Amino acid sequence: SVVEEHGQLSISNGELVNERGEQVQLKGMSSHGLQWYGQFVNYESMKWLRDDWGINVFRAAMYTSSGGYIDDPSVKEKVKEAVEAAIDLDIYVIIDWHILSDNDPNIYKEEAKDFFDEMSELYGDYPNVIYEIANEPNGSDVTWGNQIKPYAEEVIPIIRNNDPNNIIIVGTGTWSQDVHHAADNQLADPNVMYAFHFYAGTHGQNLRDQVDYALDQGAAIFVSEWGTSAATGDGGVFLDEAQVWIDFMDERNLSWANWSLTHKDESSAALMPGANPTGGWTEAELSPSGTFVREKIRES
């Protein structure tokens, strides 16, 4: 139903819109790393998230390093499974080239180009796909103008040769926080968005104002990862600040994916130790974070 109704997504005047030009807001879950917690990514669990939580997007977080794709490329087949499930479920799907410790996207750019060539050749004639080409650039020596923008200007052409206009999300500096610099030096492609990531354990008032600055430059922003925890993914759940961010995102029509769908013993994890990898979770099998995120998407 979602993808049949909204169909082809695009950017118009800095906003995500559907094929009839109406604003649309995606809300869903991210996997944790597919090399660690891939058992939670399958048609049945995605169907349960669609039907019980109300998700309309799912993000497949394919780490590159940390035992991910560069070390063992078999994880690309789990991305394919997730994309195919999203197609069958009629929801959107984010293919996330999940850089982190490999903090400059240029480190594995050759591999990225080949991966995105393959994915856009396979799936480029479906409207469900959203490409996220570099999760979280980070480090003082990785800047928008010097590293990230030129990386995007190598990878985007590869995708566009196969898929002329599905959305591409491009990471920003400082762990996808530095939307100000990206918004002042935007990419040419008209269906690009810039990633912004937050964690509710950080006091967020200036970060909200910086997102507003970026939006005021006509840049489109996708909150492709956020947590209810501290920036480590752990240390406590911060639902008051999370709610402030939820309301901000609704006011600004910002799409989002929450980190993350796993049973790992960390506060950002949505599931308890006993949660079935194929879905059907009871209240007791959701963590405090998961309970909150489910409520937010159901309310929407």
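So that there is no doubt, residue numbering starts at 1 and follows the sequence shown. Definition used throughout: the rigid core is the maximal C-alpha set that superposes within 1.5 Å between two forms.
- Between stretches 154-162 and 225-233, greater average Cα displacement in 9 other deposited structures of this protein relative to the shown form, fitted by the core, falls on 225-233.
- Checked against the record, the higher mean CA B factor of 71-79 and 202-210 lies with 71-79.
- Look at the mean CA B-factor for 140-148 and for 186-194 in the entry; the higher one is 140-148.
- The entry lists C-alpha B-factors for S260, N253, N56, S45, and the highest of these is at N253.
- Among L26, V237, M29, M62, the highest C-alpha B-factor recorded in the PDB entry belongs to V237.
- The PDB entry assigns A85 a C-alpha temperature factor belonging to the lowest third of its chain's modelled residues.
- When the CA B factors of the chain's modelled residues are split into thirds, the value for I107 lands in the highest one.
- Ranked within its chain, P127 lands in the lowest third, by CA B factor from the PDB record.
- Split the chain's modelled residues into thirds by C-alpha temperature factor. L215 is in the middle one.
- Split the chain's modelled residues into thirds by C-alpha temperature factor. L100 is in the middle one.
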